[PDB]
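The chain below stands alone, shown as structure tokens; this is the form deposited in one PDB entry.
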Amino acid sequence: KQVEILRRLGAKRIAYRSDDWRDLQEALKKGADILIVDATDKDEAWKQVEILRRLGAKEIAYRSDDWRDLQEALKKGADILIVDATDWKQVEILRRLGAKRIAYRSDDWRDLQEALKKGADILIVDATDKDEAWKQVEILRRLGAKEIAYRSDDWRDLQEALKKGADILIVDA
């Protein structure tokens, strides 16, 4: 009962990531709040957005670093765009494309802070490739960030992120 236990830990918003839209749908059925489609490693990933929307998903995020790809995801119903902060004047362009919610992902909290200063809505800290990543949550909260997402597959690590002020937990399905 991953979702159920995440809820018990105190997770108010839970996102699920997967290369298989079938996995995102199962997470939707289990109560996930956000489904994350990854377009950086496959073709026409907006077709996953279309499927999941037809199957009732109401909150879809789309990870891409390609402008026409991000635009197609918005057109197909994606609610959150996730872009790379490691390379932001792109924020205003994403806005004008039509993005209502913009998330930035980076291994470096300094990049996440720059994105925040330029108008990003969500900052994503990645704990799958480094230790004690909740220290990034800590710093970002003290630097004014109010909406931080934390990607990890370790239970104690996810809990520590919540305790340090992460608002969204991203788990890999």
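Basically, rigid core = biggest C-alpha set you can superpose within 1.5 Å across the two forms. From 1 onward, residues are counted along the sequence shown.
- Count the deposited residues lacking coordinates between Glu92 and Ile93 and you get none at all.
- If you average the C-alpha B-factors over 5-13 and over 147-155, the higher value belongs to 5-13.
- Of the two segments, 51-59 and 131-139, the one listed with the higher mean B-factor is 51-59 (C-alpha atoms only).
- In the PDB entry, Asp121 places in the lowest third of its chain by CA B-factor.
- Per the PDB record, residue ranking by Cα B-factor puts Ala85 in the highest third of the chain.
- In the deposited entry, the Cα temperature factor of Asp43 places it in the highest third of its chain's modelled residues.
- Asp66 sits in the lowest third of its chain by CA B factor, as recorded in the PDB entry.
Another form exists, deposited in another entry; not displayed. Remarks below refer to it.
- Per-residue Cα shift between this form and the one not shown after core alignment stays below 2 Å for all of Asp33, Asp126, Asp69, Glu50 except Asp126.
- In a rigid-core overlay of the protein, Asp111 has its C-alpha displaced by at least 2 Å between this form and the one not shown.
- CA of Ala15 to CA of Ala127: farther apart by 3 Å or more in the other form than in the shown form.
- Relative to the displayed conformation, the Cα-Cα distance from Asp129 to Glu138 shrinks by 3 Å or more in the other form.
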